[PDB]
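Q: Input structure: query_5.txt, which contains compact mmCIF, N, CA and C atoms.
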# COMPACT_ATOMS: atom_id res chain seq x y z
N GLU A 58 -18.91 2.37 -13.53
CA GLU A 58 -17.96 1.26 -13.69
C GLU A 58 -16.51 1.73 -13.52
N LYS A 59 -16.15 2.93 -13.99
CA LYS A 59 -14.84 3.54 -13.69
C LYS A 59 -14.72 3.92 -12.22
N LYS A 60 -15.70 4.61 -11.63
CA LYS A 60 -15.67 4.99 -10.21
C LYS A 60 -15.53 3.77 -9.30
N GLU A 61 -16.30 2.72 -9.54
CA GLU A 61 -16.24 1.47 -8.78
C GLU A 61 -14.88 0.76 -8.91
N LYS A 62 -14.09 1.09 -9.94
CA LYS A 62 -12.72 0.61 -10.15
C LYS A 62 -11.63 1.52 -9.55
N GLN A 63 -11.90 2.81 -9.37
CA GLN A 63 -10.96 3.75 -8.72
C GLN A 63 -10.76 3.53 -7.21
N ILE A 64 -11.64 2.78 -6.53
CA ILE A 64 -11.73 2.75 -5.05
C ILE A 64 -10.40 2.41 -4.36
N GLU A 65 -9.61 1.49 -4.92
CA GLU A 65 -8.28 1.14 -4.38
C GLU A 65 -7.33 2.34 -4.34
N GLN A 66 -7.14 3.01 -5.48
CA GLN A 66 -6.32 4.22 -5.56
C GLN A 66 -6.89 5.33 -4.68
N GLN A 67 -8.21 5.52 -4.69
CA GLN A 67 -8.88 6.59 -3.95
C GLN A 67 -8.55 6.57 -2.45
N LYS A 68 -8.50 5.39 -1.81
CA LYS A 68 -8.08 5.30 -0.41
C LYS A 68 -6.56 5.32 -0.25
N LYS A 69 -5.81 4.63 -1.11
CA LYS A 69 -4.34 4.56 -0.98
C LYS A 69 -3.66 5.92 -1.16
N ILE A 70 -4.29 6.85 -1.88
CA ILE A 70 -3.99 8.29 -1.89
C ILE A 70 -3.96 8.89 -0.48
N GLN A 71 -4.94 8.57 0.37
CA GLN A 71 -4.96 9.06 1.74
C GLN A 71 -3.83 8.44 2.54
N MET A 72 -3.58 7.14 2.38
CA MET A 72 -2.52 6.45 3.12
C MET A 72 -1.14 7.03 2.82
N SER A 73 -0.80 7.28 1.55
CA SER A 73 0.48 7.90 1.20
C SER A 73 0.58 9.34 1.70
N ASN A 74 -0.51 10.11 1.69
CA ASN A 74 -0.52 11.43 2.32
C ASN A 74 -0.29 11.34 3.84
N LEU A 75 -1.01 10.48 4.55
CA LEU A 75 -0.89 10.31 6.00
C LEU A 75 0.51 9.86 6.40
N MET A 76 1.09 8.88 5.70
CA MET A 76 2.45 8.42 5.98
C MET A 76 3.48 9.53 5.75
N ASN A 77 3.35 10.32 4.68
CA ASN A 77 4.26 11.44 4.45
C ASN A 77 4.08 12.57 5.50
N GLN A 78 2.86 12.86 5.93
CA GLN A 78 2.62 13.82 7.01
C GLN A 78 3.24 13.35 8.34
N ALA A 79 3.09 12.06 8.65
CA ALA A 79 3.72 11.51 9.87
C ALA A 79 5.23 11.68 9.77
N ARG A 80 5.80 11.43 8.59
CA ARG A 80 7.27 11.56 8.38
C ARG A 80 7.70 13.02 8.58
N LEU A 81 6.89 13.97 8.09
CA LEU A 81 7.21 15.42 8.28
C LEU A 81 7.39 15.69 9.78
N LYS A 82 6.48 15.18 10.61
CA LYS A 82 6.62 15.34 12.07
C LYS A 82 7.95 14.78 12.55
N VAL A 83 8.33 13.59 12.08
CA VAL A 83 9.58 12.93 12.47
C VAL A 83 10.80 13.74 12.01
N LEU A 84 10.79 14.30 10.81
CA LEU A 84 11.87 15.16 10.33
C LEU A 84 12.02 16.43 11.17
N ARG A 85 10.92 17.11 11.54
CA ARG A 85 10.99 18.28 12.44
C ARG A 85 11.58 17.91 13.80
N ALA A 86 11.20 16.76 14.36
CA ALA A 86 11.80 16.29 15.61
C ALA A 86 13.32 16.09 15.46
N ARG A 87 13.74 15.40 14.40
CA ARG A 87 15.15 15.11 14.14
C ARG A 87 15.99 16.38 13.95
N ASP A 88 15.44 17.39 13.29
CA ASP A 88 16.08 18.69 13.15
C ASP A 88 16.28 19.38 14.51
N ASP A 89 15.28 19.36 15.39
CA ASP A 89 15.43 19.95 16.71
C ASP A 89 16.48 19.22 17.55
N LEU A 90 16.57 17.89 17.46
CA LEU A 90 17.61 17.14 18.13
C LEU A 90 19.01 17.53 17.64
N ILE A 91 19.20 17.71 16.33
CA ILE A 91 20.45 18.27 15.82
C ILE A 91 20.68 19.68 16.35
N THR A 92 19.64 20.50 16.39
CA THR A 92 19.78 21.88 16.86
C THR A 92 20.25 21.93 18.31
N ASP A 93 19.76 21.04 19.15
CA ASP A 93 20.21 20.96 20.54
C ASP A 93 21.59 20.33 20.70
N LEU A 94 22.05 19.51 19.76
CA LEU A 94 23.44 19.07 19.73
C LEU A 94 24.34 20.29 19.52
N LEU A 95 24.03 21.16 18.56
CA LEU A 95 24.80 22.39 18.34
C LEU A 95 24.68 23.36 19.53
N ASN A 96 23.53 23.45 20.20
CA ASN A 96 23.40 24.25 21.42
C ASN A 96 24.31 23.73 22.55
N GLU A 97 24.37 22.42 22.78
CA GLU A 97 25.30 21.85 23.75
C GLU A 97 26.75 22.08 23.35
N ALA A 98 27.10 21.92 22.08
CA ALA A 98 28.46 22.17 21.61
C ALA A 98 28.88 23.62 21.89
N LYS A 99 27.98 24.57 21.65
CA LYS A 99 28.22 25.99 21.92
C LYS A 99 28.42 26.28 23.41
N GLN A 100 27.65 25.65 24.29
CA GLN A 100 27.82 25.79 25.74
C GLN A 100 29.12 25.17 26.25
N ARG A 101 29.47 23.95 25.81
CA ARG A 101 30.77 23.34 26.15
C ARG A 101 31.94 24.20 25.68
N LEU A 102 31.85 24.78 24.48
CA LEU A 102 32.89 25.65 23.93
C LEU A 102 33.11 26.91 24.78
N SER A 103 32.06 27.46 25.40
CA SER A 103 32.20 28.58 26.35
C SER A 103 33.08 28.22 27.56
N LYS A 104 33.06 26.97 28.04
CA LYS A 104 33.95 26.54 29.12
C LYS A 104 35.42 26.53 28.70
N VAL A 105 35.72 26.19 27.44
CA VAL A 105 37.09 26.24 26.91
C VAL A 105 37.61 27.67 26.84
N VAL A 106 36.73 28.66 26.71
CA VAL A 106 37.08 30.09 26.82
C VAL A 106 37.33 30.51 28.27
N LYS A 107 36.54 30.01 29.23
CA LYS A 107 36.73 30.31 30.66
C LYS A 107 38.02 29.73 31.23
N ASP A 108 38.46 28.57 30.76
CA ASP A 108 39.75 27.97 31.13
C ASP A 108 40.92 28.69 30.44
N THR A 109 41.43 29.76 31.05
CA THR A 109 42.37 30.68 30.39
C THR A 109 43.66 30.02 29.90
N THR A 110 44.10 28.91 30.51
CA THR A 110 45.26 28.16 30.00
C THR A 110 44.96 27.49 28.66
N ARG A 111 43.83 26.78 28.53
CA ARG A 111 43.39 26.24 27.23
C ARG A 111 43.10 27.36 26.25
N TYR A 112 42.42 28.42 26.69
CA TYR A 112 42.07 29.51 25.80
C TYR A 112 43.31 30.17 25.20
N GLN A 113 44.40 30.36 25.94
CA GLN A 113 45.64 30.86 25.36
C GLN A 113 46.11 30.01 24.19
N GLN B 4 -79.78 24.88 -52.87
CA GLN B 4 -78.52 24.29 -53.41
C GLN B 4 -77.28 24.69 -52.60
N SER B 5 -76.92 25.98 -52.54
CA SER B 5 -75.63 26.48 -52.00
C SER B 5 -75.32 26.10 -50.54
N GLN B 6 -76.34 25.86 -49.71
CA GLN B 6 -76.21 25.45 -48.31
C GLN B 6 -75.36 24.18 -48.16
N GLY B 7 -75.47 23.20 -49.06
CA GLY B 7 -74.64 21.99 -49.04
C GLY B 7 -73.14 22.29 -49.19
N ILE B 8 -72.80 23.33 -49.94
CA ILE B 8 -71.41 23.75 -50.12
C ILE B 8 -70.90 24.43 -48.84
N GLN B 9 -71.77 25.14 -48.12
CA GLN B 9 -71.46 25.66 -46.78
C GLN B 9 -71.27 24.52 -45.78
N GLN B 10 -72.07 23.45 -45.89
CA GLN B 10 -71.85 22.23 -45.13
C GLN B 10 -70.52 21.55 -45.49
N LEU B 11 -70.03 21.64 -46.73
CA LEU B 11 -68.66 21.22 -47.05
C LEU B 11 -67.60 22.13 -46.40
N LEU B 12 -67.80 23.45 -46.32
CA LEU B 12 -66.92 24.30 -45.52
C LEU B 12 -66.92 23.89 -44.04
N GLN B 13 -68.08 23.54 -43.49
CA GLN B 13 -68.18 23.05 -42.11
C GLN B 13 -67.46 21.71 -41.95
N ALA B 14 -67.59 20.79 -42.91
CA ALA B 14 -66.85 19.53 -42.92
C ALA B 14 -65.33 19.76 -43.04
N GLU B 15 -64.90 20.69 -43.89
CA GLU B 15 -63.50 21.12 -44.00
C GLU B 15 -62.99 21.69 -42.68
N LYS B 16 -63.80 22.51 -42.01
CA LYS B 16 -63.47 23.09 -40.71
C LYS B 16 -63.34 22.00 -39.64
N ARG B 17 -64.29 21.05 -39.59
CA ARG B 17 -64.19 19.87 -38.72
C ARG B 17 -62.97 19.02 -39.04
N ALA B 18 -62.62 18.85 -40.32
CA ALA B 18 -61.42 18.13 -40.72
C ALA B 18 -60.15 18.84 -40.23
N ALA B 19 -60.04 20.15 -40.45
CA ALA B 19 -58.94 20.96 -39.94
C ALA B 19 -58.85 20.90 -38.41
N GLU B 20 -59.98 20.93 -37.71
CA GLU B 20 -60.03 20.76 -36.26
C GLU B 20 -59.53 19.38 -35.84
N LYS B 21 -60.07 18.29 -36.42
CA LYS B 21 -59.64 16.91 -36.13
C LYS B 21 -58.14 16.74 -36.34
N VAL B 22 -57.63 17.22 -37.47
CA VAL B 22 -56.19 17.21 -37.79
C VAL B 22 -55.40 18.02 -36.76
N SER B 23 -55.87 19.21 -36.39
CA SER B 23 -55.20 20.05 -35.40
C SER B 23 -55.16 19.39 -34.02
N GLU B 24 -56.25 18.76 -33.58
CA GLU B 24 -56.30 18.06 -32.30
C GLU B 24 -55.35 16.86 -32.29
N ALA B 25 -55.35 16.05 -33.34
CA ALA B 25 -54.42 14.93 -33.47
C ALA B 25 -52.96 15.41 -33.48
N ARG B 26 -52.65 16.48 -34.22
CA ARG B 26 -51.31 17.09 -34.23
C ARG B 26 -50.92 17.62 -32.85
N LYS B 27 -51.82 18.29 -32.13
CA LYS B 27 -51.56 18.75 -30.76
C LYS B 27 -51.37 17.59 -29.79
N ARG B 28 -52.16 16.51 -29.88
CA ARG B 28 -51.91 15.27 -29.12
C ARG B 28 -50.51 14.74 -29.40
N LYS B 29 -50.11 14.63 -30.67
CA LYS B 29 -48.76 14.18 -31.05
C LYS B 29 -47.67 15.08 -30.49
N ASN B 30 -47.80 16.41 -30.59
CA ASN B 30 -46.83 17.35 -30.04
C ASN B 30 -46.66 17.17 -28.52
N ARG B 31 -47.75 17.03 -27.76
CA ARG B 31 -47.68 16.75 -26.32
C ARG B 31 -47.09 15.37 -26.03
N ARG B 32 -47.57 14.33 -26.71
CA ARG B 32 -47.14 12.93 -26.52
C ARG B 32 -45.64 12.74 -26.80
N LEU B 33 -45.10 13.42 -27.81
CA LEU B 33 -43.67 13.44 -28.08
C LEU B 33 -42.87 14.08 -26.93
N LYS B 34 -43.36 15.17 -26.33
CA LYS B 34 -42.72 15.78 -25.15
C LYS B 34 -42.83 14.90 -23.90
N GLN B 35 -43.94 14.21 -23.68
CA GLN B 35 -44.09 13.24 -22.58
C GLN B 35 -43.00 12.16 -22.59
N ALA B 36 -42.54 11.74 -23.78
CA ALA B 36 -41.44 10.78 -23.90
C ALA B 36 -40.17 11.27 -23.20
N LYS B 37 -39.82 12.55 -23.37
CA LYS B 37 -38.65 13.17 -22.72
C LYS B 37 -38.81 13.20 -21.20
N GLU B 38 -39.99 13.61 -20.74
CA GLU B 38 -40.29 13.72 -19.31
C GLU B 38 -40.24 12.36 -18.60
N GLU B 39 -40.82 11.31 -19.17
CA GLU B 39 -40.74 9.96 -18.59
C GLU B 39 -39.34 9.35 -18.69
N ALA B 40 -38.62 9.57 -19.80
CA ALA B 40 -37.24 9.12 -19.92
C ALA B 40 -36.38 9.70 -18.79
N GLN B 41 -36.46 11.01 -18.54
CA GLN B 41 -35.68 11.68 -17.50
C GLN B 41 -35.95 11.10 -16.11
N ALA B 42 -37.19 10.77 -15.77
CA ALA B 42 -37.51 10.12 -14.50
C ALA B 42 -36.87 8.72 -14.38
N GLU B 43 -36.91 7.92 -15.44
CA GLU B 43 -36.33 6.57 -15.45
C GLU B 43 -34.79 6.59 -15.47
N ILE B 44 -34.19 7.58 -16.13
CA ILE B 44 -32.74 7.83 -16.08
C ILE B 44 -32.32 8.12 -14.64
N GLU B 45 -32.99 9.05 -13.96
CA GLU B 45 -32.65 9.40 -12.59
C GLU B 45 -32.84 8.23 -11.62
N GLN B 46 -33.90 7.43 -11.79
CA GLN B 46 -34.09 6.19 -11.03
C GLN B 46 -32.87 5.27 -11.15
N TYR B 47 -32.34 5.08 -12.36
CA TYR B 47 -31.14 4.27 -12.55
C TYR B 47 -29.89 4.93 -11.97
N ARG B 48 -29.70 6.23 -12.19
CA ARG B 48 -28.55 6.98 -11.68
C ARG B 48 -28.45 6.85 -10.16
N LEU B 49 -29.56 7.04 -9.47
CA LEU B 49 -29.65 6.86 -8.02
C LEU B 49 -29.39 5.40 -7.59
N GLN B 50 -29.77 4.41 -8.40
CA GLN B 50 -29.46 3.02 -8.11
C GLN B 50 -27.95 2.74 -8.20
N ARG B 51 -27.27 3.14 -9.29
CA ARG B 51 -25.81 2.95 -9.39
C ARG B 51 -25.06 3.77 -8.35
N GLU B 52 -25.54 4.97 -8.03
CA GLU B 52 -25.01 5.77 -6.91
C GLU B 52 -25.09 5.00 -5.58
N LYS B 53 -26.24 4.38 -5.26
CA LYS B 53 -26.39 3.55 -4.06
C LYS B 53 -25.47 2.34 -4.08
N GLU B 54 -25.39 1.62 -5.20
CA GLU B 54 -24.51 0.45 -5.33
C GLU B 54 -23.04 0.83 -5.17
N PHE B 55 -22.61 1.95 -5.76
CA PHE B 55 -21.25 2.47 -5.61
C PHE B 55 -20.96 2.90 -4.17
N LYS B 56 -21.89 3.61 -3.53
CA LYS B 56 -21.77 3.99 -2.11
C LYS B 56 -21.65 2.76 -1.21
N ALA B 57 -22.43 1.71 -1.47
CA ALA B 57 -22.33 0.45 -0.76
C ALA B 57 -20.97 -0.24 -0.97
N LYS B 58 -20.48 -0.29 -2.22
CA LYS B 58 -19.16 -0.86 -2.56
C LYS B 58 -18.02 -0.11 -1.87
N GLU B 59 -18.05 1.22 -1.89
CA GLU B 59 -17.08 2.07 -1.19
C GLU B 59 -17.13 1.84 0.33
Mind turning this structure into structure tokens?

A:
Amino acid sequence: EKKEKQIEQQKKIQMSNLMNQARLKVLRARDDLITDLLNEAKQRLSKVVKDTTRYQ
Amino acid sequence: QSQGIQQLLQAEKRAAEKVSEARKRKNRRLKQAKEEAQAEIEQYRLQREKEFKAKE
């Protein structure tokens, strides 16, 4: 009678785990997009060094 | 004369035997209660297990 009453929580436990795992994937993607923003910023900044008038 | 008193020892021996057989029947019959209860308990446990599996 207790087990037959747990069934709602028993599955919704999997749903909250699956949704949080999907979010972890989304957070790793978002971090790499920020990382490539900083990679582009670093490459653009190298051009400001090559332009010796701006670099002075 | 004395042979009848030996026949009372034989009657006493038959009485002790009858009592011992009835006591041994009772000792076995009391244990059979446990053995049949356990089979009927498992029959019910497997039924609620099936009903719960069906509900899930």

Q: Would you work out the distance separating CA of residue 66 (chain A) from CA of residue 55 (chain B), expressed in Å to one decimal?

A: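 Separation between CA of residue 66 (chain A) and CA of residue 55 (chain B): 15.0 Å.
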
Q: What is the atom N of residue 73 (chain A)-CA of residue 87 (chain A) distance in Å, reported with one decimal?

A: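 Between these atoms lies a distance of 21.8 Å.
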
Q: Each residue of chain B lying at most 12 Å from chain A should get a row with its shortest atom-to-atom pair and the distance in Å to one decimal, counting only C-alpha atoms; could you produce that, ordered by chain and increasing number, as JSON lines?

A:
{"residue": "B:51", "atom": "CA", "partner": "A:58", "partner_atom": "CA", "distance": 9.1}
{"residue": "B:52", "atom": "CA", "partner": "A:60", "partner_atom": "CA", "distance": 9.9}
{"residue": "B:53", "atom": "CA", "partner": "A:61", "partner_atom": "CA", "distance": 11.4}
{"residue": "B:54", "atom": "CA", "partner": "A:61", "partner_atom": "CA", "distance": 9.0}
{"residue": "B:55", "atom": "CA", "partner": "A:61", "partner_atom": "CA", "distance": 6.0}
{"residue": "B:56", "atom": "CA", "partner": "A:61", "partner_atom": "CA", "distance": 9.0}
{"residue": "B:57", "atom": "CA", "partner": "A:61", "partner_atom": "CA", "distance": 10.1}
{"residue": "B:58", "atom": "CA", "partner": "A:61", "partner_atom": "CA", "distance": 7.3}
{"residue": "B:59", "atom": "CA", "partner": "A:64", "partner_atom": "CA", "distance": 6.6}

Q: Would you save the residues from that selection as a compact mmCIF listing (two decimals), keeping the file's coordinate frame, using N, CA and C atoms?

A:
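File produced: out-v7.txt:
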# COMPACT_ATOMS: atom_id res chain seq x y z
N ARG B 51 -27.27 3.14 -9.29
CA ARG B 51 -25.81 2.95 -9.39
C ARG B 51 -25.06 3.77 -8.35
N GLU B 52 -25.54 4.97 -8.03
CA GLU B 52 -25.01 5.77 -6.91
C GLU B 52 -25.09 5.00 -5.58
N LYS B 53 -26.24 4.38 -5.26
CA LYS B 53 -26.39 3.55 -4.06
C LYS B 53 -25.47 2.34 -4.08
N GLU B 54 -25.39 1.62 -5.20
CA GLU B 54 -24.51 0.45 -5.33
C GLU B 54 -23.04 0.83 -5.17
N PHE B 55 -22.61 1.95 -5.76
CA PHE B 55 -21.25 2.47 -5.61
C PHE B 55 -20.96 2.90 -4.17
N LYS B 56 -21.89 3.61 -3.53
CA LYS B 56 -21.77 3.99 -2.11
C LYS B 56 -21.65 2.76 -1.21
N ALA B 57 -22.43 1.71 -1.47
CA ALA B 57 -22.33 0.45 -0.76
C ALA B 57 -20.97 -0.24 -0.97
N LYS B 58 -20.48 -0.29 -2.22
CA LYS B 58 -19.16 -0.86 -2.56
C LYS B 58 -18.02 -0.11 -1.87
N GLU B 59 -18.05 1.22 -1.89
CA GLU B 59 -17.08 2.07 -1.19
C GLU B 59 -17.13 1.84 0.33

Q: Kindly give the distance, in Å, that separates atom C of residue 76 (chain A) and atom N of residue 93 (chain A), rounded to a single decimal.

A: 24.0 Å

Q: Please define a box with edges along x, y and z of the file around all atoms of region 39-57 of chain B given in the file, extend it by 3 Å on each side, and return its centre and edge lengths in Å to one decimal, as JSON.

A:
{"center_x": -30.9, "center_y": 5.7, "center_z": -10.3, "size_x": 25.9, "size_y": 17.9, "size_z": 25.2}
